[PDB]
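Here's the structure, in structure tokens; my notes come after.
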Amino acid sequence: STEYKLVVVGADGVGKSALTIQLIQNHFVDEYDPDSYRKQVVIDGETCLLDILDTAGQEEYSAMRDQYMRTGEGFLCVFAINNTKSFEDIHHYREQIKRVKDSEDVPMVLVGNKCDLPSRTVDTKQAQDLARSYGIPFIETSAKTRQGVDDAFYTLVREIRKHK
Ligand SMILES: Nc1nc2c(ncn2[C@@H]2O[C@H](COP(=O)(O)OP(=O)(O)O)[C@@H](O)[C@H]2O)c(=O)[nH]1
């Protein structure tokens with residue numbers, strides 16, 4: 001079966017690592033010290049291997065971040081629903097991915113994480129309008145309750161499958 005390399009990007013603290021660890025290990029972590037992990041899953045009846053590359057801890061413009069992005073086939077662009085700044089930063093990460101892959105057509109999913117937390121500052125309509133402007137899906141997640149987590153990563157695999 002095919003292996004899919006998925007890279008998780010977003011501002012520090014939005015939950016890249018907690019999402020990754022929930023996907024792989026089925027546990028929520030209160031802290032993560034920065035990173036790649038593999039797991040076999042079945043998506044739409046089709047077995048595949050996920051290789052998740054977590055950019056947590058990499059400096060904003062590091063050579064290793066660029067290598068991670070070059071290696072990736074699809075990207076999760078994560079913000080936190082309780083952090084307007086991290087939502088405003090999404091364009092930065094999208095631009096970086098486009099530069100590194102040297103393409104305007106890169107499989108991506110927009111992920112609004114921490115949807116369990118009370119203090120929402122980003123509406124689902126704002127996020128869906130950004131996603132719509134990029135032509136990509138939007139998925140709301142909580143690494144803590146597991147809502148949306150599988151759906152985010154699996155939707156990204158579906159996007160890659162549509163790209164090849
Ligand atoms: N309540 C809640 N906390 C989260 C969620 N995702 C991550 N966290 C927490 O937010 C902090 C940052 O998460 P981390 O995964 O290290 O963020 P990263 O820097 O983007 O990798 C930690 O204290 C995590 O427990 C979530 O969906 N809900």
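FYI, nothing fancy with the structure tokens labels: chains A, B, ... in order, residues from 1 per chain, ligands from 1 as they appear.
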
Protein and nucleic residues near ligand 1, 10 Å, only C-alpha atoms and all ligand atoms, as number ranges by chain: A: 8-22, 28-34, 54-58, 78-82, 86, 112-118, 140-149

Store the residues picked out above, limited to N, CA and C atoms, as a tab-separated table (two decimals), in the first residue's frame.
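Output file selection09.tsv follows:
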```tsv
chain	number	residue	atom	x	y	z
A	8	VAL	N	2.60	18.97	9.03
A	8	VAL	CA	1.73	19.79	9.86
A	8	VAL	C	2.44	21.10	10.13
A	9	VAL	N	1.82	22.23	9.72
A	9	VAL	CA	2.40	23.56	9.90
A	9	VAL	C	1.37	24.47	10.57
A	10	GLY	N	1.85	25.59	11.09
A	10	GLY	CA	1.03	26.53	11.85
A	10	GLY	C	1.85	27.18	12.95
A	11	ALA	N	1.31	28.26	13.51
A	11	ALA	CA	2.03	28.99	14.54
A	11	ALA	C	2.32	28.10	15.76
A	12	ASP	N	3.36	28.47	16.50
A	12	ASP	CA	3.66	27.75	17.74
A	12	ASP	C	2.47	27.79	18.68
A	13	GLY	N	2.15	26.63	19.28
A	13	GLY	CA	1.09	26.55	20.26
A	13	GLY	C	-0.32	26.27	19.73
A	14	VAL	N	-0.50	26.10	18.42
A	14	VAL	CA	-1.84	25.88	17.92
A	14	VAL	C	-2.29	24.42	18.10
A	15	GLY	N	-1.37	23.50	18.33
A	15	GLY	CA	-1.69	22.10	18.52
A	15	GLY	C	-1.21	21.13	17.43
A	16	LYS	N	-0.20	21.51	16.64
A	16	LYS	CA	0.35	20.60	15.63
A	16	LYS	C	0.73	19.27	16.23
A	17	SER	N	1.48	19.33	17.32
A	17	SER	CA	2.03	18.13	17.95
A	17	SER	C	0.96	17.34	18.66
A	18	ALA	N	0.09	18.01	19.41
A	18	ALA	CA	-1.02	17.31	20.05
A	18	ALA	C	-1.91	16.61	19.03
A	19	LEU	N	-2.17	17.26	17.89
A	19	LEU	CA	-2.94	16.61	16.84
A	19	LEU	C	-2.22	15.36	16.33
A	20	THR	N	-0.93	15.50	16.05
A	20	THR	CA	-0.14	14.38	15.55
A	20	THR	C	-0.15	13.21	16.54
A	21	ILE	N	0.09	13.51	17.81
A	21	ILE	CA	0.16	12.46	18.81
A	21	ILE	C	-1.21	11.83	19.05
A	22	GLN	N	-2.28	12.61	18.98
A	22	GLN	CA	-3.61	12.04	19.08
A	22	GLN	C	-3.87	11.09	17.91
A	28	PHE	N	-4.06	12.47	24.30
A	28	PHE	CA	-3.88	13.92	24.32
A	28	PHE	C	-2.74	14.26	25.26
A	29	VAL	N	-1.78	15.07	24.80
A	29	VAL	CA	-0.66	15.50	25.62
A	29	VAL	C	-0.84	16.95	26.04
A	30	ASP	N	-0.55	17.22	27.31
A	30	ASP	CA	-0.60	18.57	27.85
A	30	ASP	C	0.60	19.42	27.47
A	31	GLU	N	1.70	18.80	27.05
A	31	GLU	CA	2.91	19.51	26.62
A	31	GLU	C	3.66	18.57	25.69
A	32	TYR	N	4.35	19.14	24.72
A	32	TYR	CA	5.20	18.36	23.82
A	32	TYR	C	6.51	19.12	23.62
A	33	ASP	N	7.64	18.39	23.75
A	33	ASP	CA	8.96	18.95	23.52
A	33	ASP	C	9.48	18.46	22.17
A	34	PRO	N	9.63	19.33	21.16
A	34	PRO	CA	10.07	18.88	19.83
A	34	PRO	C	11.49	18.33	19.73
A	54	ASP	N	6.04	16.72	11.79
A	54	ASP	CA	5.59	17.82	12.64
A	54	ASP	C	6.67	18.90	12.65
A	55	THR	N	6.31	20.12	12.24
A	55	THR	CA	7.26	21.23	12.17
A	55	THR	C	7.44	21.96	13.49
A	56	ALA	N	6.81	21.49	14.55
A	56	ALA	CA	6.87	22.17	15.84
A	56	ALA	C	8.32	22.37	16.26
A	57	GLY	N	8.62	23.58	16.74
A	57	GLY	CA	9.94	23.88	17.23
A	57	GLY	C	10.94	24.36	16.20
A	58	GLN	N	10.69	24.13	14.91
A	58	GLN	CA	11.55	24.66	13.86
A	58	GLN	C	11.39	26.17	13.79
A	78	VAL	N	-2.66	24.59	10.29
A	78	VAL	CA	-3.40	24.59	11.55
A	78	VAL	C	-3.38	25.98	12.19
A	79	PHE	N	-4.55	26.44	12.62
A	79	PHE	CA	-4.65	27.57	13.53
A	79	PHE	C	-5.47	27.11	14.73
A	80	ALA	N	-5.52	27.95	15.77
A	80	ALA	CA	-6.33	27.68	16.95
A	80	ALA	C	-7.53	28.61	16.94
A	81	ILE	N	-8.72	28.04	17.17
A	81	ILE	CA	-9.96	28.81	17.06
A	81	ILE	C	-10.03	29.92	18.10
A	82	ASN	N	-9.21	29.83	19.16
A	82	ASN	CA	-9.21	30.82	20.23
A	82	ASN	C	-8.06	31.79	20.08
A	86	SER	N	-3.06	33.37	15.15
A	86	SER	CA	-2.65	32.16	14.43
A	86	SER	C	-3.47	31.95	13.17
A	112	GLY	N	-8.89	24.13	12.02
A	112	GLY	CA	-9.14	25.00	13.14
A	112	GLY	C	-9.22	24.16	14.40
A	113	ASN	N	-8.15	24.17	15.19
A	113	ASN	CA	-8.00	23.27	16.32
A	113	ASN	C	-8.39	23.97	17.63
A	114	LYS	N	-8.49	23.16	18.68
A	114	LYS	CA	-8.91	23.59	20.01
A	114	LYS	C	-10.39	23.95	20.05
A	115	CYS	N	-11.21	23.25	19.26
A	115	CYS	CA	-12.63	23.60	19.21
A	115	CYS	C	-13.36	23.21	20.49
A	116	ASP	N	-12.69	22.51	21.40
A	116	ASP	CA	-13.26	22.25	22.72
A	116	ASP	C	-13.18	23.44	23.66
A	117	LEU	N	-12.31	24.42	23.38
A	117	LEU	CA	-12.06	25.50	24.32
A	117	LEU	C	-13.16	26.54	24.23
A	118	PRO	N	-13.53	27.16	25.36
A	118	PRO	CA	-14.70	28.05	25.35
A	118	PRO	C	-14.47	29.35	24.60
A	140	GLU	N	-12.71	21.41	11.50
A	140	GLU	CA	-12.60	21.82	12.89
A	140	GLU	C	-12.19	20.62	13.73
A	141	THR	N	-11.18	20.81	14.60
A	141	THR	CA	-10.63	19.71	15.39
A	141	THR	C	-10.45	20.08	16.86
A	142	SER	N	-10.36	19.03	17.69
A	142	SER	CA	-9.84	19.12	19.06
A	142	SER	C	-8.91	17.94	19.29
A	143	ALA	N	-7.62	18.23	19.49
A	143	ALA	CA	-6.72	17.17	19.88
A	143	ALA	C	-7.13	16.56	21.21
A	144	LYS	N	-7.86	17.32	22.03
A	144	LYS	CA	-8.23	16.85	23.35
A	144	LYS	C	-9.41	15.89	23.31
A	145	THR	N	-10.50	16.27	22.63
A	145	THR	CA	-11.66	15.38	22.59
A	145	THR	C	-11.64	14.40	21.41
A	146	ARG	N	-10.73	14.58	20.46
A	146	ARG	CA	-10.58	13.80	19.24
A	146	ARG	C	-11.54	14.23	18.13
A	147	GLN	N	-12.50	15.11	18.40
A	147	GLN	CA	-13.36	15.61	17.33
A	147	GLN	C	-12.53	16.07	16.13
A	148	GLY	N	-12.90	15.59	14.95
A	148	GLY	CA	-12.29	16.03	13.70
A	148	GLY	C	-10.89	15.54	13.39
A	149	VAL	N	-10.20	14.91	14.33
A	149	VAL	CA	-8.77	14.66	14.15
A	149	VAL	C	-8.55	13.72	12.97
```

Would you give me, as an MDAnalysis selection string, the residues in chain A that DSSP reads as strand (DSSP E)? chainID A and resid 3:10 36:43 46:54 74:80 108:113 138:140

Near range 99-103 of chain A, within 12 Å and counting only C-alpha atoms, which residues show up once chain neighbours fewer than 2 positions away are dropped, as a PyMOL selection string? chain A and resi 61+63-75+92-97+105-107

Run DSSP on the backbone and grab whatever in range 20-142 of chain A lands in alpha helix (DSSP H); send it over as an MDAnalysis selection string. chainID A and resid 20:25 63:71 84:88 90:101 124:134

Residues of the last selection are to be written out with C-alpha atoms, as a tab-separated table (two decimals), in the first residue's frame.
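What landed in again-v9.tsv:
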```
chain	number	residue	atom	x	y	z
A	20	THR	CA	-0.14	14.38	15.55
A	21	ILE	CA	0.16	12.46	18.81
A	22	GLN	CA	-3.61	12.04	19.08
A	23	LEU	CA	-3.68	10.66	15.51
A	24	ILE	CA	-0.80	8.26	16.09
A	25	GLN	CA	-0.94	7.32	19.80
A	63	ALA	CA	16.63	24.98	6.40
A	64	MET	CA	15.06	21.99	8.17
A	65	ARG	CA	11.58	23.43	7.88
A	66	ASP	CA	12.15	23.81	4.14
A	67	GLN	CA	13.37	20.19	3.92
A	68	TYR	CA	10.26	19.02	5.78
A	69	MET	CA	8.07	20.94	3.35
A	70	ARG	CA	9.98	19.64	0.33
A	71	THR	CA	9.46	16.08	1.58
A	84	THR	CA	-6.96	35.21	16.00
A	85	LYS	CA	-3.26	35.81	15.35
A	86	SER	CA	-2.65	32.16	14.43
A	87	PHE	CA	-5.58	32.37	11.99
A	88	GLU	CA	-4.13	35.56	10.47
A	90	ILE	CA	-2.22	31.02	7.76
A	91	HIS	CA	-1.36	32.91	4.56
A	92	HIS	CA	2.31	32.91	5.64
A	93	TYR	CA	2.41	29.11	5.86
A	94	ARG	CA	0.52	28.68	2.60
A	95	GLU	CA	2.96	31.02	0.84
A	96	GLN	CA	5.91	29.09	2.25
A	97	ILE	CA	4.52	25.76	1.05
A	98	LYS	CA	3.91	27.19	-2.43
A	99	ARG	CA	7.49	28.49	-2.57
A	100	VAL	CA	9.07	25.22	-1.43
A	101	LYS	CA	6.95	22.96	-3.65
A	124	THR	CA	-16.42	28.83	11.29
A	125	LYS	CA	-17.61	31.20	8.52
A	126	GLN	CA	-14.35	33.16	8.52
A	127	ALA	CA	-12.39	29.91	8.31
A	128	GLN	CA	-14.59	28.43	5.60
A	129	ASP	CA	-14.24	31.62	3.55
A	130	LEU	CA	-10.45	31.41	3.80
A	131	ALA	CA	-10.56	27.74	2.82
A	132	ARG	CA	-12.87	28.61	-0.08
A	133	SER	CA	-10.44	31.27	-1.26
A	134	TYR	CA	-7.68	28.65	-1.26
```

Under the rule that only C-alpha atoms are counted, which of A:136, A:163, A:1, A:60 is the nearest residue to residue 110 in chain A? A:136

Taking only C-alpha atoms into account, name the residue in A:135, A:37, A:123, A:108 that is nearest to residue 161 in chain A.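 Ranked by minimum distance to residue 161 in chain A, first place goes to A:108.
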
Using only C-alpha atoms: which of A:51, A:3, A:26, A:83 has the shortest distance to residue 119 in chain A: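 Ranked by minimum distance to residue 119 in chain A, first place goes to A:83.
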
Could you please determine the separation between CA of residue 47 in chain A and CA of residue 2 in chain A in Å, to one decimal place?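 CA of residue 2 in chain A lies 7.6 Å from CA of residue 47 in chain A.
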
Closest of A:43, A:77, A:50, A:156 to residue 5 in chain A - atom-to-atom distances counting only C-alpha atoms: A:50

Find the distance between CA of residue 41 in chain A and CA of residue 111 in chain A and write it in Å to one decimal. 20.0 Å

Please, what distance in Å, to one decimal, runs between CA of residue 38 in chain A and CA of residue 104 in chain A? 27.5 Å
